[PDB]
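K.L.:
Kindly generate the corresponding structure for this input.
(11 chains)
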Amino acid sequence: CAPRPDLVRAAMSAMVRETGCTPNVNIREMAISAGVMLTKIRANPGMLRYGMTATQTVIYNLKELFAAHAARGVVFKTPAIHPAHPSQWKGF
Amino acid sequence: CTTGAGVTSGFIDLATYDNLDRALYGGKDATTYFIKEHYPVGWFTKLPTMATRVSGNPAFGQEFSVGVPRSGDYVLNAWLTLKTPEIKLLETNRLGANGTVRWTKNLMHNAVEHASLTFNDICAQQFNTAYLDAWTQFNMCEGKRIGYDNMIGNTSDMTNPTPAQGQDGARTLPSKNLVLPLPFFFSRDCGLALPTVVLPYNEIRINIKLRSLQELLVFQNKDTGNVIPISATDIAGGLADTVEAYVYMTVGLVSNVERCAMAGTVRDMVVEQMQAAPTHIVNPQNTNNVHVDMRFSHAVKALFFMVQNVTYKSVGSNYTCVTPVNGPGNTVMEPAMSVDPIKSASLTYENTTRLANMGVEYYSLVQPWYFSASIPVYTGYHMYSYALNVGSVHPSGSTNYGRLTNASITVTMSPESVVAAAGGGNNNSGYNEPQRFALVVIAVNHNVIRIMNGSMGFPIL
Amino acid sequence: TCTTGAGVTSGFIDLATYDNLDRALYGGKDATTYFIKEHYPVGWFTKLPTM
Amino acid sequence: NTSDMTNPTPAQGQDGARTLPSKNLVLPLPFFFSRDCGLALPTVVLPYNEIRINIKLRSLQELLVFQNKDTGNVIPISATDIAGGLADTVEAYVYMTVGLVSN
Amino acid sequence: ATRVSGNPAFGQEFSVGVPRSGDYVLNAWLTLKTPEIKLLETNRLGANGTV
Amino acid sequence: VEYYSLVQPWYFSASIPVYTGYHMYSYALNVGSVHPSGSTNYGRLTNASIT
Amino acid sequence: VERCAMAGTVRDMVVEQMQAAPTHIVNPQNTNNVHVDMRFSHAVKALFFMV
Amino acid sequence: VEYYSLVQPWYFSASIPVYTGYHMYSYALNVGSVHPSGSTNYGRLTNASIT
Amino acid sequence: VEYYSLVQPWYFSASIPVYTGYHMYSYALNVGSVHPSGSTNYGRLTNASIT
Amino acid sequence: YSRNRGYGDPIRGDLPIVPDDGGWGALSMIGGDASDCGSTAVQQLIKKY
Amino acid sequence: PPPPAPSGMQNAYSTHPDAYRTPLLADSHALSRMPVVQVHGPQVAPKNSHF
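P.N.:
Numbering: from 1, shown residues only, chains lettered A, B, ... in the order given. Next up is the structure itself:
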């Protein structure tokens, strides 16, 4: 259950390489989870991704989880009057 | 004589090499076939879905609207299905024995007009019968022609005249459902689709107005070739104003990472619309040259102009000088004297003849052969395109009419048209009664749609 | 599930059906996506028939 | 389906006594290397493997349709029905297209 | 194509190996000579019979 | 003759003739393609014949 | 204990398989001598031929 | 035919067929033995024929 | 047939047959000569046929 | 989610076998891997007393 | 430039480096199926060696 901040940092870099916001993605209470699921990966073959080792599978799972959370957490700003009003999509 | 023997002549073929071959082939950076590069694509899925009803009622002569459900990332395809009623001509019809009933040619592109797509409460696109006919007759891909003539009608069963019950041919018109794909900007190409996941502020609506069933059925006189409007008592079972119809759409779903990446951004989309000029009544008896002004706004890409015979509202999608009449074998017959009423046409830009008095066969054949995917197989359907490829979604040569002050288009009639305008035709000649003609002009233009703050809009208005 | 109209759930199941072959064929940082068309401007020109 | 093999031929004494002619027919083989030019078999790169194609034909009983003129009943054909007897053997060949590239 | 197993005959299975000595092979087709059919007056269906 | 008539147009052309005759043999993969493809130059080739 | 001990080890086994040659049609009226070519792959152990 | 029918089953098998036909030739000492016996592989061998 | 009947014996044999039949084709300049002459080996030559 | 297909013995967990990347899923009862608390300690207690 | 090189394998290849295509052709025997081609025979012991 040893924390692995390197894995979550690699996931951070992979996210910000293309795009990522991740509001509540703090290294605390997440590095420990990554480490314990790495422990679960180890000493339990038969479910690792093909052609990639335990750490890479862990960071890929973190990729999927962070992408899902960021996709779920999307909001739209409400403007002053309206976004579809004809006064907006025009010269002004 | 199975004396097949060659394995070595390839060596001679490769040995043949000179300056021209060195210039064309060869080189260290030259690409080679038999080796295809693989690049991954996005992970997605698609499936049909039912379009939820929001208002109106499906019936002939009325207009109803259907909303677009907000449950998928992209909406990119729409079609309308409609179940035709049963037609059974009785022996008590007004025409008596000399009376046949048959569905009008091109049953689809009829029973529908002013088909519109509106976002929120602002109209974004609108098309109708003339645009549908011109499109399907000009940029149609081969191989699907039989399929389309099965979906829309003209299946040699709806258009075959059926005599009364007392006659030898008492066959009733079958009640089989038909389908019409709705051509929209997102349906034009896969690259253009509606980002419903990004657009929660706008309510997408599709408004369809069905034509009245009175003029949909064609009531023809077998002998004299006369047409009179149908009535409820004419056919068995009366006339059913209501009809069962549905609208279906295809929705695509993408991965969560892709939608997360694309959320919160501004995108510019280029779309194609149409503008329909008001119809003009043409009387070849009085004058032979008819000039009409064209008023358009955006970058016009093509101009489709036809002259439609409008003697009877029952017959539709007819662009000849003589209405079709019944023939032998209970089949529609095309009278011999039937040619396109247009003889020549020209375009004028404020007393500046851009296009001279070119022949009608020019617009009929030469222009489609060079700047379209197909050549029409029916009389009429004249076009002029400013672009190299009309069907291509990517922009090509075009001229914006906003800056160009109002231009005019002039057409010349034909001796066949001016002789069919008056009556005097014998039986089953189509032009027995005086004929009337109307000019219709359709334009196709480009436009730009911008996405800002989760709502689509026009940056140019 | 809730049946009587389950298109979106079926699409979700299809999306969740992901495996090594699917990872090889699709996905990736450099993988392109459909429903988005890149636009490149062309030259400004015009054409007309000439005797 | 050349509108000649699918046209029924009555018996010799009837009005239609035309004989069904013999002509060679060609069928492309849909394979992954034949689907696209970019997908081609690297024979030079594959010297170890042996590439084989197996084709199973059908008996001539089902290839000929015997139809009743009026009542339209179908019965299996017999060797005595057709003059000269049905031929079990056949002249069938397989052709392939190959290419060569520079050293 | 080099025929190596069996003989072509109706109702039988025959095998052919892909010829070597070519850098690429990208096209294959099969041709065959159909027999000649001649109906007899002594057929089971008699006059009311067609092939 | 059926080879030149059908097989070659089927593979290395965009259409097949609908009239008897019109035999063709093409060195290039696509005849209709304007871009050059496989071909042999007859300038460095001695007199060839067709029988 | 047995399964835990024997797990995670490389196992080698020898098995038997069958190769059935394509069927051949014989007509004794024409000739009484028939030649059939066999094309098998591995170490054949027995051959069974019947008419 | 009596050779394959009787002599081979009597010496290199476990039973003799009680029905006509059923001709066998075994390259191995025992047909039914799981442990391998003398045999030859046709992959390294050229075309073999049976008359 | 007259080629094998007359021309080949006239050039590469010591006699010409006086009876119908007996066609030949020799890879050697002199068939009757015991000394070796032009010849090809079929052991390393893949299957050949005569029609 | 799992390279293997088809669930094994519910009470006897599947042995951990490392898959090969080259080439030329349920919570079992945990009855193996030397279960100290139960099963195994019975023999120790019996041979102690 | 002089006329093309005369036949007899001097015209089966081009001197330019980018297109050589050595006229040697690959074998059709693959590698898995290697015929024994050649074998060795021993001296036969005399029948009357017991004298």
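K.L.:
Buried ones in the top helix by length along chain A, by neighbour count?
P.N.:
The single longest helix within chain A, with elements called by DSSP state H, is helix A:54-72. For helix A:54-72, the neighbour count (16 or more other CB atoms under 10 Å in any protein chain shown) marks A:54-55, A:57-59, A:61-62, A:66-67, A:69-71 as buried. Any C-beta I mention is one placed from the backbone N, CA and C, and that applies to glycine too.
K.L.:
Which secondary structure elements does it sit against?
P.N.:
Packing partners of helix A:54-72 (3 or more CB pairs under 8 Å, 6 or more residues apart in numbering or on different chains; DSSP states H and E): helix A:5-18, helix A:31-41, helix B:256-262.
K.L.:
residues in contact with whichever residue of chain K sits closest to chain F?
P.N.:
Of all residues in chain K, residue K:4 sits closest to chain F, at 5.3 Å by CB to the nearest CB. Going by CB atoms under 8 Å, 6 or more residues apart in numbering or on different chains, residue K:4 touches B:16, F:44-46, K:11.
K.L.:
which residue is nearest the centroid of chain B?
P.N.:
Centroid-nearest residue in chain B, with CA atoms, centre = their mean: residue B:132, separated by 2.0 Å.
K.L.:
which residue sits closest to that residue, ignoring its sequence neighbours?
P.N.:
Excluding its sequence neighbours, the residue lying closest to residue B:132 (CB to CB, 6 or more residues apart in numbering or on different chains) is residue B:109, at 4.3 Å.
K.L.:
for residue K:9, same thing?
P.N.:
residue K:23 (6.5 Å).
K.L.:
Let me know the helix or strand that that neighbour is in.
P.N.:
Element membership for residue K:23, per DSSP states H and E: none, as it lies in no helix or strand.
K.L.:
mind listing what it touches?
P.N.:
Per CB under 8 Å, 6+ apart, neighbours of residue K:23: B:8, B:11, K:9, K:12-13.
K.L.:
What subset of those is buried?
P.N.:
B:11, K:12-13.
K.L.:
can you give me the helices for the stretch 351-461 of chain B?
P.N.:
Along the stretch 351-461 of chain B, the stretches classed as helices by DSSP state H, counting those that start in this stretch are B:360-361, B:367-371, B:415-420.
K.L.:
what's the most buried one of those?
P.N.:
Burial of the helices of the stretch 351-461 of chain B is given as mean neighbour count (mean count of other CB atoms under 10 Å in any protein chain shown); helix B:415-420 ranks first at a mean of 20.
K.L.:
Dump it to CSV, keeping only the CA atoms.
P.N.:
In CSV, the C-alpha atoms belonging to helix B:415-420 read as follows (Å, rounded to 0.1, in the frame of the first residue of the first chain):
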residue,chain,number,x,y,z
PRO,B,415,-42.5,26.3,-81.2
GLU,B,416,-43.8,23.1,-79.4
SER,B,417,-44.6,25.1,-76.3
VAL,B,418,-46.4,27.9,-78.3
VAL,B,419,-48.4,25.3,-80.2
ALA,B,420,-49.3,23.3,-77.0
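K.L.:
which parts of stretch J:1-16 are buried?
P.N.:
Quick answer for stretch J:1-16 (16+ other CB under 10 Å): J:13-14.
K.L.:
Then stretch B:23-41?
P.N.:
The neighbour-count check on stretch B:23-41 (16+ other CB under 10 Å) flags B:25, B:33-34 as buried.
K.L.:
List the contacts of the residue lying closest to residue B:58 once chain neighbours are set aside.
P.N.:
Closest residue to residue B:58 apart from its sequence neighbours, by CB to CB, 6+ apart: residue B:245 at 4.1 Å. Contact analysis of residue B:245 by CB under 8 Å, 6+ apart lists B:58, B:80-83, B:210.
K.L.:
Filter these down to the buried ones, PyMOL style.
P.N.:
Selection of buried members from these for PyMOL, criterion 16+ other CB under 10 Å:
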select buried, chain B and resi 58+80+82+210
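K.L.:
Tell me the one of the contacts of residue B:245 nearest residue J:37?
P.N.:
Taking CB to CB as the measure, residue J:37 sits nearest to residue B:81 out of the contacts of residue B:245, at 66.2 Å.
K.L.:
In this structure that closest one contacts residue B:176, no?
P.N.:
No - with contact defined as CB atoms under 8 Å, residue B:81 does not reach residue B:176; the gap is 11.1 Å.
K.L.:
quick revisit: the residue nearest to the centre of chain B belongs to a helix?
P.N.:
Yes - per DSSP: H, G, I helix; E, B strand; the rest coil, residue B:132 lies within a helix segment.
K.L.:
Now do the residue of chain B found nearest chain G against chain I, distance only.
P.N.:
Closest to chain G within chain B is residue B:2: 19.8 Å, counting by CB to the nearest CB. Per CB to the nearest CB, to the nearest Å, residue B:2 is found 8 Å from chain I.
K.L.:
could you dump the helices of the stretch 351-461 of chain B to a markdown table with distance to residue A:40?
P.N.:
Listed next are the helices of the stretch 351-461 of chain B as a markdown table, based on distance: least, CB to CB, whole Å:
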| stretch | distance to residue A:40 |
| --- | --- |
| helix B:360-361 | 78 |
| helix B:367-371 | 64 |
| helix B:415-420 | 85 |
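K.L.:
Looking at those helices, which is nearest to chain D?
P.N.:
Comparing those under CB to the nearest CB, the one sitting nearest is helix B:367-371, at 28.7 Å.
K.L.:
Help me confirm that residue J:11 comes into contact with residue J:26.
P.N.:
No - if you go by CB under 8 Å, residue J:11 and residue J:26 don't touch, sitting 10.9 Å apart.
K.L.:
before we move on, back to that, to residue C:40, which of the helices of the stretch 351-461 of chain B lies closest?
P.N.:
Checking the helices of the stretch 351-461 of chain B against residue C:40 by CB to CB gives helix B:367-371 as the closest, at 21.3 Å.
K.L.:
Centre of the chain to the closest one, how far?
P.N.:
Remark: helix B:367-371 is offset 17 Å from the chain centroid, using CA atoms, centre = their mean, to the nearest Å.
K.L.:
Likewise for stretch B:311-319?
P.N.:
Averaging C-alpha positions (CA atoms, centre = their mean) puts stretch B:311-319 16 Å from its chain's average.
K.L.:
Endpoint to endpoint, that stretch covers what distance?
P.N.:
End-to-end span of stretch B:311-319 (CA to CA, to the nearest Å): 11 Å.
K.L.:
Tell me how far the residue most central in space within chain J lies from chain F.
P.N.:
Nearest to the mean C-alpha position of chain J, by CA atoms, centre = their mean, lies residue J:13 at 3.5 Å. Residue J:13 sits 58 Å away from chain F, going by CB to the nearest CB.
K.L.:
How about the contacts made by that residue?
P.N.:
J:28-33.
K.L.:
Report the closest residue of chain K relative to chain C.
P.N.:
Going by CB to the nearest CB, chain C is nearest to residue K:32 of chain K, at 28.3 Å.
K.L.:
Figure out the helix or strand that the residue in chain J positioned nearest to chain D lives in.
P.N.:
Nearest to chain D, among the residues of chain J, is residue J:24, at 11.8 Å (CB to the nearest CB). Under the criterion DSSP H and E, no helix or strand holds residue J:24.
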